[PDB]
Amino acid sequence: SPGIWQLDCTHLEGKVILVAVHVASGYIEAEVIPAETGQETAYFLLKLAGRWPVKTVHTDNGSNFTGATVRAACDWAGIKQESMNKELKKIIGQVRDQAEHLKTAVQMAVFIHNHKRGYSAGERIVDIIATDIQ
């Protein structure tokens, strides 16, 4: 289902990474965030929803999802709350020494994951969404 994403957190080097996976394709958007708070989570969700058609996000339903700010951002953006991640940590592992900062390593890992190839996750998400539009 083309509008469905899963949002999870993962922790490395005392920092928090949010990883959104487009369920049908395995395409990922991920960011290091300063704290696992409602404000940062809402911001992440807003960014994601401005970039891809996000209809539903499956989350862990934890503390950062209970507050006014995340609720307001999902409402505004029209989002409902209703395998790649150990791989992501593995890729960050392989590129870590090339980056001074974890955030750079995370983005190199997103690039690798989304481009790795019959199709890449990047190719899959565009094919899925294009097909839906039709």
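So that there is no doubt, residue numbering starts at 1 and follows the sequence shown.
Counting the deposited residues that fall between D60 and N61 and carry no coordinates gives zero.
Unmodelled deposited residues between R117 and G118: 4 to 9, per the record. The stretch with the higher mean CA B factor, choosing between 64-72 and 105-113, is 64-72. Stretches 46-54 and 33-41 differ in mean C-alpha B factor, with the higher average recorded for 33-41. The PDB entry assigns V23 a C-alpha temperature factor belonging to the middle third of its chain's modelled residues. Per the deposited record, the Cα B-factor of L12 falls in the highest third when ranked against the other modelled residues of its chain.
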